[PDB]
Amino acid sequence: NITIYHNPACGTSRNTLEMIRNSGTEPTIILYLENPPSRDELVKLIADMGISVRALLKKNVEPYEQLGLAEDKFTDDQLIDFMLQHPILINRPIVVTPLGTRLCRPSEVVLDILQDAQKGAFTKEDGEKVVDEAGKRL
């Protein structure tokens, strides 16, 4: 039972999705930009990810800029509510498996929470080798 909060336009997100598949399972895919998590779900994801709320914020997007979120003037719950109202602010991808939840940045972080080993070598779309045929991380 695996869930990925996915942006098809994000390289990291695509690489993550394919490494999930290369472990032998097809995840549930949530297009978070159109279908974001509810507040309770987002609070849980952050807790499980063990990062700060601010660490989940995506920079270099219109609401981050226009809402001035770079500045340290926002409580965690103010930031959580911005993410729910403007889901492009949620960094990506987030993956949930029976072992845990991670912000998979870089994509190969997902290897931590995939229960089954990569079934063969994995090379990222830009050619960066990740695991060899033997299964060793490079």
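A residue's number is simply how far along the shown sequence it sits, counting from 1.
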Entry B factor averaged over C-alpha atoms, 12-20 against 126-134: higher for 126-134
Sorting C104, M49, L79, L111 by Cα temperature factor from the record, which one lands on top?
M49
Could you say whether, by C-alpha temperature factor, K59 belongs to the lowest, middle or highest third of its chain?
highest
By its CA B factor, does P27 count among the lowest, middle or highest third of the modelled residues in the chain?
middle
Could you place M83 in the lowest, middle or highest third of its chain by Cα temperature factor, using the values in the record?
lowest
Would you please rank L69 by its C-alpha temperature factor against the other modelled residues of its chain and give the third it falls in: lowest, middle or highest?
middle
Taking the chain's C-alpha temperature factors as the reference, tell me which third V53 falls into: lowest, middle or highest.
middle
